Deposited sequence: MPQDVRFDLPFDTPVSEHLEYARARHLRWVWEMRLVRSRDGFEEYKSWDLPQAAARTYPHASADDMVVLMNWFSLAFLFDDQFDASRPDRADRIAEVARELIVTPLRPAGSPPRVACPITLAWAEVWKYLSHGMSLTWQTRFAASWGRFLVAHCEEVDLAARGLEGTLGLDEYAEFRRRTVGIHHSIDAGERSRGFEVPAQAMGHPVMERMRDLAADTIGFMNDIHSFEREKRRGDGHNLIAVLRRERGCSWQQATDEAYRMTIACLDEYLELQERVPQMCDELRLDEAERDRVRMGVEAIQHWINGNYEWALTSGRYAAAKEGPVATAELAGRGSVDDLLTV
């Protein structure tokens, strides 16, 4: 069992039990689960815990909105009859409704009405509340890129094409499908700040987000693999024709290499702020931005340890 020793110490929200309880009633009220068995399957994933570790500064009511959101993505596949002929077309259709919801005024009804799209129209109204147009645009494209990539994964599987990606293509693709850019963006909503726009578009920060997404997608592949061809481990083994264990070792080395480059860019943040000429309150907002990334890398890891 691959363990990582990460150099972060990261808070956990005090609102876990308060918000879990509301969140669990909400999944029923919004008809995202339909049977007792489906519900208990959903509960076993312990998504509330992930939300509490990744958004640790949220107010209690916002922790509820965050858990609700968290559930949308993970329940998304499970909204559709798995044996129907055109499953992959219905998924694309629903995903695209989720993509346009942040591109229309908050409170507008979705065109494709199903439990997930109605749930998301609700959540987006809260998640966007109080946030600038700059943040909403950034979120909207991050979320959109994620969902497009999710549709590509779904089509890859429906077409009989899992196992065809080589290492470099797989790594590029996994950066997209892991959905961490929009996850980081929401840190600003959860804690009530916005990162200065000239810092968000600086090469250091853009690269940091990409490495955070690599690191997390690769840890998640290592973790899913250890409990079972579209998986970093499998891909490495096909690519190198090595043992299952040499492929594990190499996945581990790739992950630590992403992490270490992430840590090097972290130490460069003060120089970035100097080159941008940021004042002290801007610097402070940057620092909080970097912490949202740490919450994701560390919190995701610590949640994965306790199963799901």
property	result
Chain regions without C-alpha coordinates, deposited sequence numbering	1-3, 232-236, 317-343
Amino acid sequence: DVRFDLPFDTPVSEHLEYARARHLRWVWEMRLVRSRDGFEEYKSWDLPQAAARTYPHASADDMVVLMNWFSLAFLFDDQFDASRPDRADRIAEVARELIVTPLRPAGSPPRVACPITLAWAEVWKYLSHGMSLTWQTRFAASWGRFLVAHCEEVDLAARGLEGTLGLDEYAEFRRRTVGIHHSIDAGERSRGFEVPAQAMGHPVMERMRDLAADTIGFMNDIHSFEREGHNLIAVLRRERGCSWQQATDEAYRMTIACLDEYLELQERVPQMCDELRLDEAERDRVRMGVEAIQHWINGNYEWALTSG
From here on, numbers count along this sequence of modelled residues.
| property | result |
| --- | --- |
| Greater mean Cα temperature factor according to the PDB record, 158-166 or 212-220 | 158-166 |
| Stretch with the higher entry mean CA B-factor, where the candidates are 196-204 and 176-184 | 196-204 |
| C-alpha B-factor winner, where the candidates are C242, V65, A60, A51 | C242 |
| Relative C-alpha B-factor of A113, binned into the chain's lowest, middle or highest third | highest |
| Chain thirds of CA B-factor: placement of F225 | highest |
| Cα B factor band for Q79 (lowest, middle or highest third within the chain) | highest |
| CA B-factor placement of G107, once the chain's modelled residues are sorted into thirds | highest |
| Where the record places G144 (Cα B-factor, split into thirds across the chain) | lowest |
